[PDB]
>>> print(open('coords.cif').read())   # mmCIF, N, CA and C atoms and all ligand atoms
data_my_file
#
loop_
_atom_site.label_atom_id
_atom_site.label_comp_id
_atom_site.auth_asym_id
_atom_site.auth_seq_id
_atom_site.Cartn_x
_atom_site.Cartn_y
_atom_site.Cartn_z
N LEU A 7 -0.15 -77.44 -9.94
CA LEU A 7 -1.54 -76.93 -9.60
C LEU A 7 -1.43 -75.75 -8.63
N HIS A 8 -2.33 -74.78 -8.80
CA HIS A 8 -2.36 -73.53 -8.05
C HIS A 8 -3.69 -73.38 -7.31
N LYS A 9 -3.58 -72.87 -6.09
CA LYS A 9 -4.70 -72.52 -5.25
C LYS A 9 -5.15 -71.10 -5.60
N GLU A 10 -6.46 -70.94 -5.79
CA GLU A 10 -7.02 -69.67 -6.11
C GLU A 10 -8.10 -69.35 -5.10
N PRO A 11 -8.28 -68.06 -4.77
CA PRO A 11 -9.27 -67.64 -3.78
C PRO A 11 -10.70 -67.79 -4.31
N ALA A 12 -11.62 -67.89 -3.36
CA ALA A 12 -13.04 -67.93 -3.64
C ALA A 12 -13.76 -67.76 -2.31
N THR A 13 -15.02 -67.36 -2.34
CA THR A 13 -15.81 -67.26 -1.12
C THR A 13 -17.04 -68.16 -1.27
N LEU A 14 -17.44 -68.76 -0.15
CA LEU A 14 -18.65 -69.51 -0.09
C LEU A 14 -19.79 -68.57 -0.45
N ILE A 15 -20.62 -68.98 -1.42
CA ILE A 15 -21.96 -68.47 -1.55
C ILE A 15 -22.91 -69.40 -0.79
N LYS A 16 -22.89 -70.71 -1.07
CA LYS A 16 -23.85 -71.65 -0.46
C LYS A 16 -23.34 -73.09 -0.54
N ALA A 17 -23.47 -73.83 0.57
CA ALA A 17 -23.36 -75.29 0.60
C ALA A 17 -24.50 -75.86 -0.24
N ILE A 18 -24.25 -76.92 -1.04
CA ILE A 18 -25.33 -77.56 -1.79
C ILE A 18 -25.50 -78.99 -1.27
N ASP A 19 -24.56 -79.90 -1.58
CA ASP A 19 -24.64 -81.28 -1.08
C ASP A 19 -23.21 -81.78 -0.85
N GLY A 20 -23.05 -83.10 -0.73
CA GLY A 20 -21.76 -83.68 -0.39
C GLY A 20 -20.64 -83.24 -1.32
N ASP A 21 -20.92 -83.14 -2.62
CA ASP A 21 -19.79 -82.94 -3.57
C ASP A 21 -20.03 -81.76 -4.53
N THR A 22 -21.00 -80.90 -4.23
CA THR A 22 -21.22 -79.63 -4.94
C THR A 22 -21.36 -78.49 -3.92
N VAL A 23 -20.85 -77.32 -4.29
CA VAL A 23 -20.87 -76.13 -3.46
C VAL A 23 -20.95 -74.93 -4.40
N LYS A 24 -21.69 -73.90 -3.99
CA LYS A 24 -21.80 -72.69 -4.76
C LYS A 24 -20.76 -71.71 -4.22
N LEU A 25 -19.82 -71.32 -5.08
CA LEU A 25 -18.74 -70.42 -4.69
C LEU A 25 -18.75 -69.21 -5.61
N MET A 26 -18.16 -68.13 -5.11
CA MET A 26 -17.88 -67.00 -5.93
C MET A 26 -16.41 -67.08 -6.30
N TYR A 27 -16.17 -67.21 -7.59
CA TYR A 27 -14.87 -67.38 -8.14
C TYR A 27 -14.63 -66.30 -9.21
N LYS A 28 -13.52 -65.57 -9.09
CA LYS A 28 -13.25 -64.34 -9.87
C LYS A 28 -14.54 -63.53 -10.03
N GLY A 29 -15.23 -63.31 -8.92
CA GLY A 29 -16.34 -62.38 -8.83
C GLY A 29 -17.66 -62.92 -9.36
N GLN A 30 -17.70 -64.19 -9.79
CA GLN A 30 -18.88 -64.81 -10.43
C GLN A 30 -19.36 -65.99 -9.61
N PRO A 31 -20.69 -66.12 -9.44
CA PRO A 31 -21.26 -67.29 -8.78
C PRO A 31 -21.10 -68.51 -9.70
N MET A 32 -20.72 -69.63 -9.11
CA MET A 32 -20.46 -70.83 -9.84
C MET A 32 -20.71 -72.00 -8.91
N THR A 33 -21.35 -73.02 -9.47
CA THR A 33 -21.50 -74.29 -8.81
C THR A 33 -20.25 -75.09 -9.13
N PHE A 34 -19.58 -75.56 -8.08
CA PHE A 34 -18.43 -76.40 -8.24
C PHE A 34 -18.77 -77.84 -7.85
N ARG A 35 -18.36 -78.78 -8.71
CA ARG A 35 -18.38 -80.20 -8.47
C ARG A 35 -16.95 -80.65 -8.12
N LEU A 36 -16.84 -81.37 -7.00
CA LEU A 36 -15.58 -81.80 -6.44
C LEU A 36 -15.01 -82.88 -7.36
N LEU A 37 -13.79 -82.66 -7.85
CA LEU A 37 -13.10 -83.66 -8.66
C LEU A 37 -12.93 -84.96 -7.87
N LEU A 38 -13.09 -86.09 -8.59
CA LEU A 38 -12.56 -87.41 -8.22
C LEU A 38 -13.36 -88.06 -7.10
N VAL A 39 -14.53 -87.51 -6.74
CA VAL A 39 -15.31 -88.10 -5.69
C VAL A 39 -16.77 -88.27 -6.13
N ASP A 40 -17.47 -89.12 -5.40
CA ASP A 40 -18.89 -89.27 -5.50
C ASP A 40 -19.48 -89.45 -4.10
N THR A 41 -20.26 -88.47 -3.65
CA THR A 41 -21.03 -88.58 -2.43
C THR A 41 -22.39 -89.18 -2.76
N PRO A 42 -23.03 -89.92 -1.84
CA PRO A 42 -24.36 -90.42 -2.11
C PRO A 42 -25.28 -89.19 -2.20
N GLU A 43 -26.38 -89.33 -2.90
CA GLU A 43 -27.36 -88.23 -3.01
C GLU A 43 -28.04 -88.07 -1.67
N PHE A 50 -28.60 -86.89 -1.41
CA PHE A 50 -29.29 -86.57 -0.14
C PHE A 50 -30.34 -87.62 0.23
N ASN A 51 -31.08 -88.10 -0.77
CA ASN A 51 -32.12 -89.15 -0.71
C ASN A 51 -31.53 -90.57 -0.57
N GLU A 52 -30.21 -90.75 -0.41
CA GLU A 52 -29.58 -92.08 -0.27
C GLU A 52 -28.86 -92.19 1.06
N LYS A 53 -28.39 -93.40 1.36
CA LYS A 53 -27.70 -93.66 2.64
C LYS A 53 -26.38 -92.89 2.68
N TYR A 54 -26.11 -92.24 3.81
CA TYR A 54 -24.95 -91.35 4.06
C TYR A 54 -25.00 -90.05 3.24
N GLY A 55 -26.07 -89.84 2.46
CA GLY A 55 -26.29 -88.60 1.69
C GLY A 55 -26.38 -87.39 2.61
N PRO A 56 -27.25 -87.43 3.64
CA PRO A 56 -27.37 -86.31 4.56
C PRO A 56 -26.05 -86.07 5.33
N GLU A 57 -25.36 -87.15 5.73
CA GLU A 57 -24.09 -87.05 6.47
C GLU A 57 -23.01 -86.42 5.58
N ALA A 58 -23.02 -86.73 4.28
CA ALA A 58 -22.01 -86.16 3.34
C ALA A 58 -22.29 -84.66 3.15
N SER A 59 -23.56 -84.31 2.98
CA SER A 59 -23.98 -82.92 2.80
C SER A 59 -23.59 -82.08 4.01
N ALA A 60 -23.85 -82.63 5.21
CA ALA A 60 -23.57 -82.01 6.51
C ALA A 60 -22.06 -81.82 6.70
N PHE A 61 -21.31 -82.84 6.30
CA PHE A 61 -19.90 -82.84 6.45
C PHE A 61 -19.27 -81.71 5.60
N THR A 62 -19.64 -81.67 4.32
CA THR A 62 -19.11 -80.65 3.40
C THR A 62 -19.56 -79.25 3.84
N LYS A 63 -20.83 -79.14 4.24
CA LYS A 63 -21.44 -77.89 4.65
C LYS A 63 -20.65 -77.29 5.81
N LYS A 64 -20.38 -78.12 6.82
CA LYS A 64 -19.67 -77.68 8.02
C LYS A 64 -18.26 -77.22 7.65
N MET A 65 -17.63 -77.99 6.77
CA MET A 65 -16.27 -77.72 6.34
C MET A 65 -16.18 -76.36 5.63
N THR A 66 -17.08 -76.12 4.68
CA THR A 66 -17.00 -74.87 3.90
C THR A 66 -17.51 -73.67 4.72
N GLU A 67 -18.51 -73.88 5.59
CA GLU A 67 -19.13 -72.78 6.34
C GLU A 67 -18.21 -72.31 7.47
N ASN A 68 -17.39 -73.20 8.04
CA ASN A 68 -16.47 -72.83 9.12
C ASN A 68 -15.12 -72.34 8.58
N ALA A 69 -14.83 -72.55 7.29
CA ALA A 69 -13.56 -72.09 6.74
C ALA A 69 -13.51 -70.56 6.75
N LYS A 70 -12.41 -70.01 7.24
CA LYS A 70 -12.18 -68.61 7.02
C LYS A 70 -11.62 -68.41 5.61
N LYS A 71 -10.95 -69.41 5.03
CA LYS A 71 -10.39 -69.28 3.68
C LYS A 71 -10.73 -70.52 2.82
N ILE A 72 -11.48 -70.27 1.73
CA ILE A 72 -11.81 -71.26 0.71
C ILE A 72 -10.90 -71.01 -0.49
N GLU A 73 -10.30 -72.08 -1.00
CA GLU A 73 -9.44 -72.05 -2.18
C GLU A 73 -9.94 -73.06 -3.21
N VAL A 74 -9.88 -72.66 -4.47
CA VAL A 74 -10.19 -73.49 -5.63
C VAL A 74 -8.88 -73.89 -6.35
N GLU A 75 -8.72 -75.19 -6.59
CA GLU A 75 -7.60 -75.73 -7.31
C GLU A 75 -8.11 -76.55 -8.50
N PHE A 76 -8.00 -75.96 -9.70
CA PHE A 76 -8.18 -76.63 -10.98
C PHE A 76 -7.06 -77.65 -11.21
N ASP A 77 -7.42 -78.77 -11.86
CA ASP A 77 -6.47 -79.76 -12.35
C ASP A 77 -6.01 -79.32 -13.75
N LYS A 78 -5.32 -80.21 -14.46
CA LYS A 78 -4.65 -79.91 -15.76
C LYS A 78 -5.64 -79.89 -16.93
N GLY A 79 -6.78 -80.57 -16.78
CA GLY A 79 -7.72 -80.75 -17.85
C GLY A 79 -8.88 -79.78 -17.77
N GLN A 80 -10.04 -80.32 -18.09
CA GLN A 80 -11.32 -79.63 -18.16
C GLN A 80 -11.63 -78.97 -16.80
N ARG A 81 -12.10 -77.73 -16.85
CA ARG A 81 -12.39 -76.91 -15.69
C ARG A 81 -13.90 -76.71 -15.46
N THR A 82 -14.72 -76.94 -16.50
CA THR A 82 -16.16 -76.94 -16.33
C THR A 82 -16.70 -78.23 -16.95
N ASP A 83 -17.77 -78.79 -16.38
CA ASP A 83 -18.36 -79.99 -16.91
C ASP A 83 -19.48 -79.61 -17.89
N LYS A 84 -20.17 -80.62 -18.41
CA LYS A 84 -21.22 -80.44 -19.42
C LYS A 84 -22.46 -79.75 -18.82
N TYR A 85 -22.56 -79.69 -17.49
CA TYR A 85 -23.62 -78.94 -16.84
C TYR A 85 -23.14 -77.51 -16.54
N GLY A 86 -21.90 -77.15 -16.90
CA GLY A 86 -21.29 -75.85 -16.57
C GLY A 86 -20.86 -75.73 -15.11
N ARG A 87 -20.82 -76.84 -14.38
CA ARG A 87 -20.24 -76.83 -13.04
C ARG A 87 -18.71 -76.73 -13.18
N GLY A 88 -18.08 -75.92 -12.31
CA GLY A 88 -16.62 -75.92 -12.17
C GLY A 88 -16.18 -77.25 -11.59
N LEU A 89 -15.01 -77.71 -12.02
CA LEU A 89 -14.42 -78.93 -11.54
C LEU A 89 -13.08 -78.59 -10.89
N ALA A 90 -12.99 -78.86 -9.59
CA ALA A 90 -11.87 -78.44 -8.85
C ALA A 90 -11.69 -79.29 -7.59
N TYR A 91 -10.49 -79.15 -7.02
CA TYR A 91 -10.24 -79.50 -5.65
C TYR A 91 -10.55 -78.26 -4.80
N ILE A 92 -11.40 -78.44 -3.80
CA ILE A 92 -11.81 -77.33 -2.95
C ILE A 92 -11.14 -77.46 -1.57
N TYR A 93 -10.51 -76.37 -1.11
CA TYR A 93 -9.76 -76.38 0.17
C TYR A 93 -10.47 -75.47 1.17
N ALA A 94 -10.52 -75.94 2.42
CA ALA A 94 -11.09 -75.19 3.54
C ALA A 94 -9.99 -75.03 4.60
N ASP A 95 -9.47 -73.80 4.69
CA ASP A 95 -8.35 -73.51 5.56
C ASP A 95 -7.26 -74.56 5.31
N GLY A 96 -6.93 -74.78 4.04
CA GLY A 96 -5.81 -75.67 3.69
C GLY A 96 -6.14 -77.16 3.73
N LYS A 97 -7.33 -77.58 4.20
CA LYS A 97 -7.73 -79.00 4.14
C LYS A 97 -8.59 -79.23 2.89
N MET A 98 -8.20 -80.23 2.09
CA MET A 98 -8.92 -80.57 0.90
C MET A 98 -10.19 -81.34 1.27
N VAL A 99 -11.33 -80.72 0.96
CA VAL A 99 -12.63 -81.31 1.16
C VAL A 99 -12.73 -82.65 0.43
N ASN A 100 -12.25 -82.70 -0.83
CA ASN A 100 -12.35 -83.92 -1.66
C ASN A 100 -11.75 -85.10 -0.88
N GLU A 101 -10.53 -84.89 -0.38
CA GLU A 101 -9.77 -85.91 0.30
C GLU A 101 -10.46 -86.26 1.62
N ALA A 102 -10.94 -85.24 2.34
CA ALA A 102 -11.55 -85.40 3.66
C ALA A 102 -12.82 -86.24 3.58
N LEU A 103 -13.66 -86.03 2.58
CA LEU A 103 -14.88 -86.84 2.43
C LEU A 103 -14.51 -88.30 2.26
N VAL A 104 -13.52 -88.56 1.40
CA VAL A 104 -13.10 -89.94 1.10
C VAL A 104 -12.54 -90.55 2.40
N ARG A 105 -11.73 -89.77 3.11
CA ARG A 105 -11.04 -90.29 4.29
C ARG A 105 -12.07 -90.78 5.30
N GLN A 106 -13.22 -90.13 5.35
CA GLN A 106 -14.26 -90.42 6.32
C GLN A 106 -15.29 -91.40 5.74
N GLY A 107 -15.05 -91.89 4.52
CA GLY A 107 -15.96 -92.85 3.91
C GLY A 107 -17.32 -92.21 3.61
N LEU A 108 -17.32 -90.92 3.34
CA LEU A 108 -18.57 -90.25 2.98
C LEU A 108 -18.60 -90.03 1.46
N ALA A 109 -17.48 -90.35 0.79
CA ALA A 109 -17.37 -90.32 -0.65
C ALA A 109 -16.55 -91.52 -1.07
N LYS A 110 -16.84 -92.00 -2.27
CA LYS A 110 -16.00 -92.93 -3.01
C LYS A 110 -15.15 -92.13 -4.00
N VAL A 111 -13.98 -92.67 -4.34
CA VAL A 111 -13.20 -92.20 -5.46
C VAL A 111 -13.97 -92.60 -6.73
N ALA A 112 -14.10 -91.68 -7.68
CA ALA A 112 -15.03 -91.81 -8.81
C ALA A 112 -14.74 -90.71 -9.83
N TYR A 113 -15.27 -90.92 -11.04
CA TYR A 113 -15.17 -89.99 -12.13
C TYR A 113 -13.71 -89.59 -12.33
N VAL A 114 -12.83 -90.59 -12.36
CA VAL A 114 -11.44 -90.39 -12.61
C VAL A 114 -11.19 -90.43 -14.13
N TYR A 115 -11.11 -89.25 -14.70
CA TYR A 115 -10.84 -89.07 -16.13
C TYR A 115 -9.38 -88.64 -16.23
N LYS A 116 -8.70 -89.05 -17.30
CA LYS A 116 -7.27 -88.73 -17.52
C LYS A 116 -7.10 -87.23 -17.71
N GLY A 117 -6.00 -86.67 -17.21
CA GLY A 117 -5.75 -85.23 -17.38
C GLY A 117 -6.42 -84.37 -16.32
N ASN A 118 -7.24 -84.98 -15.49
CA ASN A 118 -7.91 -84.34 -14.36
C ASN A 118 -7.85 -85.29 -13.17
N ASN A 119 -6.65 -85.79 -12.86
CA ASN A 119 -6.49 -86.86 -11.89
C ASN A 119 -5.21 -86.71 -11.05
N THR A 120 -4.72 -85.49 -10.83
CA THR A 120 -3.49 -85.28 -10.06
C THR A 120 -3.56 -85.92 -8.67
N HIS A 121 -4.66 -85.74 -7.93
CA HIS A 121 -4.74 -86.18 -6.53
C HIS A 121 -5.38 -87.57 -6.46
N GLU A 122 -5.42 -88.27 -7.60
CA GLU A 122 -6.01 -89.58 -7.60
C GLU A 122 -5.41 -90.49 -6.51
N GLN A 123 -4.09 -90.64 -6.52
CA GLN A 123 -3.41 -91.58 -5.59
C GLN A 123 -3.72 -91.20 -4.14
N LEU A 124 -3.54 -89.93 -3.82
CA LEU A 124 -3.84 -89.38 -2.50
C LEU A 124 -5.24 -89.83 -2.06
N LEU A 125 -6.23 -89.65 -2.93
CA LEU A 125 -7.62 -89.99 -2.56
C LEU A 125 -7.77 -91.51 -2.45
N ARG A 126 -7.13 -92.30 -3.31
CA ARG A 126 -7.25 -93.79 -3.18
C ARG A 126 -6.67 -94.22 -1.82
N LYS A 127 -5.64 -93.50 -1.36
CA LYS A 127 -4.96 -93.84 -0.14
C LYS A 127 -5.93 -93.58 1.02
N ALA A 128 -6.58 -92.41 0.96
CA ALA A 128 -7.64 -92.04 1.89
C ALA A 128 -8.79 -93.06 1.85
N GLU A 129 -9.20 -93.47 0.65
CA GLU A 129 -10.28 -94.47 0.56
C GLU A 129 -9.84 -95.80 1.22
N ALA A 130 -8.62 -96.23 0.91
CA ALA A 130 -8.07 -97.50 1.46
C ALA A 130 -8.18 -97.48 2.98
N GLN A 131 -7.82 -96.34 3.60
CA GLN A 131 -7.83 -96.23 5.06
C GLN A 131 -9.28 -96.16 5.55
N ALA A 132 -10.17 -95.44 4.85
CA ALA A 132 -11.62 -95.41 5.24
C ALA A 132 -12.23 -96.82 5.18
N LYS A 133 -11.88 -97.58 4.15
CA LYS A 133 -12.36 -98.96 3.93
C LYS A 133 -11.89 -99.85 5.09
N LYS A 134 -10.60 -99.75 5.40
CA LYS A 134 -9.95 -100.49 6.49
C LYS A 134 -10.77 -100.31 7.77
N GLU A 135 -11.22 -99.07 8.03
CA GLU A 135 -11.90 -98.71 9.27
C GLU A 135 -13.42 -98.92 9.16
N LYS A 136 -13.90 -99.47 8.05
CA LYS A 136 -15.31 -99.70 7.86
C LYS A 136 -16.10 -98.42 8.17
N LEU A 137 -15.56 -97.26 7.77
CA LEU A 137 -16.20 -95.97 8.00
C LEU A 137 -17.36 -95.78 7.03
N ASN A 138 -18.53 -95.50 7.60
CA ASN A 138 -19.67 -94.90 6.92
C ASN A 138 -20.07 -95.79 5.74
N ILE A 139 -19.74 -95.37 4.52
CA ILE A 139 -20.13 -96.13 3.35
C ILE A 139 -19.55 -97.57 3.41
N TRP A 140 -18.44 -97.77 4.12
CA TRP A 140 -17.77 -99.07 4.16
C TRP A 140 -18.20 -99.93 5.36
N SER A 141 -19.22 -99.53 6.13
CA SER A 141 -19.52 -100.22 7.40
C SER A 141 -20.36 -101.49 7.17
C1 LIG A 201 -16.92 -85.37 -11.18
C2 LIG A 201 -17.27 -85.21 -12.63
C3 LIG A 201 -18.60 -85.37 -13.01
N1 LIG A 201 -18.92 -85.21 -14.29
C4 LIG A 201 -20.27 -85.41 -14.81
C5 LIG A 201 -20.30 -86.87 -15.22
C6 LIG A 201 -21.69 -87.33 -14.88
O1 LIG A 201 -22.52 -87.32 -16.08
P1 LIG A 201 -24.08 -87.75 -15.96
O2 LIG A 201 -24.92 -86.76 -15.20
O3 LIG A 201 -24.34 -87.71 -17.41
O4 LIG A 201 -24.15 -89.04 -15.21
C7 LIG A 201 -22.12 -86.35 -13.78
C8 LIG A 201 -21.94 -86.86 -12.35
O5 LIG A 201 -22.14 -85.82 -11.39
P2 LIG A 201 -23.07 -85.96 -10.10
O6 LIG A 201 -22.48 -87.07 -9.22
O7 LIG A 201 -22.94 -84.63 -9.39
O8 LIG A 201 -24.40 -86.29 -10.66
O9 LIG A 201 -21.32 -85.21 -13.87
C9 LIG A 201 -17.90 -84.89 -15.25
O10 LIG A 201 -18.24 -84.75 -16.43
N2 LIG A 201 -16.63 -84.67 -14.93
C10 LIG A 201 -16.25 -84.83 -13.66
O11 LIG A 201 -15.05 -84.66 -13.36
CA CA A 202 -22.97 -87.28 -6.23
#
>>> encode(input="coords.cif", output="structure tokens")
Amino acid sequence: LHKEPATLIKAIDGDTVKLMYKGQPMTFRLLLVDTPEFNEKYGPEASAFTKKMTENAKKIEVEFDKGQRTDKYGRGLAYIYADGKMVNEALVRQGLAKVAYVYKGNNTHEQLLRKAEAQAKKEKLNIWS
């Protein structure tokens, strides 16, 4: 897997962000996670968490997995990095996301994220409290 440049256009919610990728605006959905919706418990905290992460990054990187790169809504599917920290992993680690939507061929960081979830669960963080 390769890291590719992109710039923040706009924070959206816990697991979607609007980025400019190869010069085009695109909504990206974070692979392998599910944040609660804004209208649900920990929804605002997940949105805030991702927002802060992407807005404070001097460098945003997009990492496609081996499989599908856009979903049926035309959202990009990627691992998103903020100054080298993976947002996907960070949300899970803090119990603001569950590991989810694990489809074969788009699951490289699956284990990493389950490990993060296991530790978030252990600590009864946020969604696990
Ligand atoms: C994360 C992810 C979501 N999706 C689709 C599946 C879900 O379909 P449905 O909308 O039909 O439920 C939806 C979940 O995204 P949201 O959690 O952003 O709603 O987006 C994928 O197709 N591939 C993926 O890797
Ligand atoms: Ca969601």
>>> closest_residue(input="coords.cif", among="A:112, A:37, A:18, A:72", to="residue 100 in chain A", atoms="all atoms listed in the file")
A:37
>>> select_by_dssp(input="coords.cif", residues="chain A", states="helix (DSSP H, G or I)", output="NGL selection string")
:A and (55-68 or 99-105 or 122-134 or 138-140)
>>> closest_atom_pairs(input="coords.cif", of="chain A", to="ligand LIG 201 (chain A)", cutoff="7 Å", atoms="all atoms listed in the file", output="tab-separated table")
residue	atom	partner	partner_atom	distance
A:21	C	A:LIG201	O7	6.4
A:22	N	A:LIG201	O7	6.7
A:35	C	A:LIG201	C1	5.6
A:36	C	A:LIG201	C1	4.9
A:37	CA	A:LIG201	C1	4.9
A:38	N	A:LIG201	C1	4.7
A:39	N	A:LIG201	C1	5.5
A:40	CA	A:LIG201	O6	5.6
A:41	N	A:LIG201	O6	6.2
A:82	C	A:LIG201	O10	6.7
A:83	CA	A:LIG201	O10	4.8
A:84	N	A:LIG201	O10	5.0
A:85	N	A:LIG201	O9	6.7
A:89	CA	A:LIG201	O11	6.0
A:112	C	A:LIG201	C1	5.9
A:113	CA	A:LIG201	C1	5.0
A:114	N	A:LIG201	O11	6.4
A:115	N	A:LIG201	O11	6.2
>>> select_by_dssp(input="coords.cif", residues="chain A", states="strand (DSSP E)", output="ChimeraX atom specification")
/A:10-19,22-27,30-36,39-40,72-75,88-94,97-98,110-111
>>> closest_residue(input="coords.cif", among="A:77, A:52, A:57, A:10", to="residue 119 in chain A", atoms="only N, CA and C atoms")
A:77
>>> closest_residue(input="coords.cif", among="A:26, A:20, A:11, A:96", to="ligand CA 202 (chain A)", atoms="all atoms listed in the file")
A:20
>>> atom_distance(input="coords.cif", atom1="CA of residue 74 in chain A", atom2="atom N of residue 12 in chain A")
6.2 Å
>>> atom_distance(input="coords.cif", atom1="atom C of residue 138 in chain A", atom2="atom C of residue 103 in chain A")
10.0 Å
>>> closest_residue(input="coords.cif", among="A:110, A:71, A:78, A:24", to="ligand CA 202 (chain A)", atoms="only C-alpha atoms and all ligand atoms")
A:110
>>> atom_distance(input="coords.cif", atom1="CA of residue 108 in chain A", atom2="atom N of residue 58 in chain A")
5.8 Å
>>> closest_residue(input="coords.cif", among="A:54, A:105, A:118, A:43", to="residue 130 in chain A", atoms="all atoms listed in the file")
A:105
>>> residues_near_point(input="coords.cif", point="(-6.2, -74.6, -6.9)", cutoff="8 Å", atoms="all atoms listed in the file", output="list in words")
residues 7, 8, 9, 10, 11, 73, 74, 75, 76, 77, 90, 91, 92 and 93 of chain A
>>> closest_residue(input="coords.cif", among="A:99, A:80, A:15, A:32", to="residue 61 in chain A", atoms="all atoms listed in the file")
A:99
>>> axis_aligned_box(input="coords.cif", around="range 111-129 of chain A", padding_each_side="8 Å", output="lines of an AutoDock Vina configuration file")
center_x = -9.3
center_y = -90.1
center_z = -7.9
size_x = 27.9
size_y = 27.5
size_z = 35.6
>>> residues_around(input="coords.cif", residues="residue 33 in chain A", least_positions_apart="5", cutoff="6 Å", atoms="only N, CA and C atoms", output="number ranges by chain")
A: 23-25, 87-88
>>> decode(input="coords.cif", residues="range 60-75 of chain A", atoms="N, CA, C and O atoms", output="PDB file, in the first residue's frame")
ATOM      1  N   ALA A  60     -16.021  15.401  15.982  1.00  0.00           N
ATOM      2  CA  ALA A  60     -15.092  16.362  16.581  1.00  0.00           C
ATOM      3  C   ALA A  60     -13.662  15.818  16.544  1.00  0.00           C
ATOM      4  O   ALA A  60     -12.698  16.532  16.221  1.00  0.00           O
ATOM      5  N   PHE A  61     -13.543  14.527  16.855  1.00  0.00           N
ATOM      6  CA  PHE A  61     -12.287  13.880  16.909  1.00  0.00           C
ATOM      7  C   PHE A  61     -11.618  13.878  15.518  1.00  0.00           C
ATOM      8  O   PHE A  61     -10.449  14.266  15.343  1.00  0.00           O
ATOM      9  N   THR A  62     -12.369  13.422  14.511  1.00  0.00           N
ATOM     10  CA  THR A  62     -11.858  13.357  13.136  1.00  0.00           C
ATOM     11  C   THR A  62     -11.559  14.765  12.607  1.00  0.00           C
ATOM     12  O   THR A  62     -10.567  14.969  11.915  1.00  0.00           O
ATOM     13  N   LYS A  63     -12.462  15.707  12.903  1.00  0.00           N
ATOM     14  CA  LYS A  63     -12.368  17.076  12.451  1.00  0.00           C
ATOM     15  C   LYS A  63     -11.056  17.690  12.944  1.00  0.00           C
ATOM     16  O   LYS A  63     -10.305  18.299  12.155  1.00  0.00           O
ATOM     17  N   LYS A  64     -10.777  17.521  14.237  1.00  0.00           N
ATOM     18  CA  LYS A  64      -9.586  18.083  14.855  1.00  0.00           C
ATOM     19  C   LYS A  64      -8.334  17.474  14.218  1.00  0.00           C
ATOM     20  O   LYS A  64      -7.346  18.139  13.920  1.00  0.00           O
ATOM     21  N   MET A  65      -8.392  16.168  13.998  1.00  0.00           N
ATOM     22  CA  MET A  65      -7.281  15.420  13.440  1.00  0.00           C
ATOM     23  C   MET A  65      -6.945  15.918  12.027  1.00  0.00           C
ATOM     24  O   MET A  65      -5.774  16.191  11.696  1.00  0.00           O
ATOM     25  N   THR A  66      -7.960  16.054  11.174  1.00  0.00           N
ATOM     26  CA  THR A  66      -7.697  16.449   9.779  1.00  0.00           C
ATOM     27  C   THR A  66      -7.386  17.950   9.676  1.00  0.00           C
ATOM     28  O   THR A  66      -6.558  18.317   8.855  1.00  0.00           O
ATOM     29  N   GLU A  67      -8.017  18.780  10.523  1.00  0.00           N
ATOM     30  CA  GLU A  67      -7.870  20.243  10.437  1.00  0.00           C
ATOM     31  C   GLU A  67      -6.507  20.676  10.973  1.00  0.00           C
ATOM     32  O   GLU A  67      -5.979  21.632  10.467  1.00  0.00           O
ATOM     33  N   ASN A  68      -5.934  19.954  11.946  1.00  0.00           N
ATOM     34  CA  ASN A  68      -4.628  20.294  12.510  1.00  0.00           C
ATOM     35  C   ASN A  68      -3.483  19.652  11.732  1.00  0.00           C
ATOM     36  O   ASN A  68      -2.342  20.005  11.977  1.00  0.00           O
ATOM     37  N   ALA A  69      -3.766  18.684  10.849  1.00  0.00           N
ATOM     38  CA  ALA A  69      -2.693  18.050  10.082  1.00  0.00           C
ATOM     39  C   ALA A  69      -2.079  19.064   9.122  1.00  0.00           C
ATOM     40  O   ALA A  69      -2.776  19.717   8.360  1.00  0.00           O
ATOM     41  N   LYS A  70      -0.758  19.131   9.110  1.00  0.00           N
ATOM     42  CA  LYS A  70      -0.102  19.844   8.040  1.00  0.00           C
ATOM     43  C   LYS A  70      -0.050  18.948   6.796  1.00  0.00           C
ATOM     44  O   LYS A  70      -0.026  19.468   5.715  1.00  0.00           O
ATOM     45  N   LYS A  71      -0.062  17.618   6.955  1.00  0.00           N
ATOM     46  CA  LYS A  71      -0.006  16.713   5.803  1.00  0.00           C
ATOM     47  C   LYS A  71      -1.066  15.597   5.937  1.00  0.00           C
ATOM     48  O   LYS A  71      -1.060  14.829   6.910  1.00  0.00           O
ATOM     49  N   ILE A  72      -2.001  15.576   4.971  1.00  0.00           N
ATOM     50  CA  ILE A  72      -3.016  14.542   4.822  1.00  0.00           C
ATOM     51  C   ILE A  72      -2.569  13.616   3.694  1.00  0.00           C
ATOM     52  O   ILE A  72      -2.244  14.102   2.614  1.00  0.00           O
ATOM     53  N   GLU A  73      -2.637  12.306   3.952  1.00  0.00           N
ATOM     54  CA  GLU A  73      -2.305  11.266   2.981  1.00  0.00           C
ATOM     55  C   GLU A  73      -3.483  10.301   2.846  1.00  0.00           C
ATOM     56  O   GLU A  73      -4.142   9.975   3.844  1.00  0.00           O
ATOM     57  N   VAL A  74      -3.723   9.879   1.609  1.00  0.00           N
ATOM     58  CA  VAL A  74      -4.711   8.861   1.255  1.00  0.00           C
ATOM     59  C   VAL A  74      -3.988   7.544   0.897  1.00  0.00           C
ATOM     60  O   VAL A  74      -3.071   7.499   0.036  1.00  0.00           O
ATOM     61  N   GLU A  75      -4.437   6.451   1.523  1.00  0.00           N
ATOM     62  CA  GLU A  75      -3.934   5.127   1.263  1.00  0.00           C
ATOM     63  C   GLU A  75      -5.098   4.208   0.881  1.00  0.00           C
ATOM     64  O   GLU A  75      -5.875   3.799   1.731  1.00  0.00           O
TER      65      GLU A  75
END
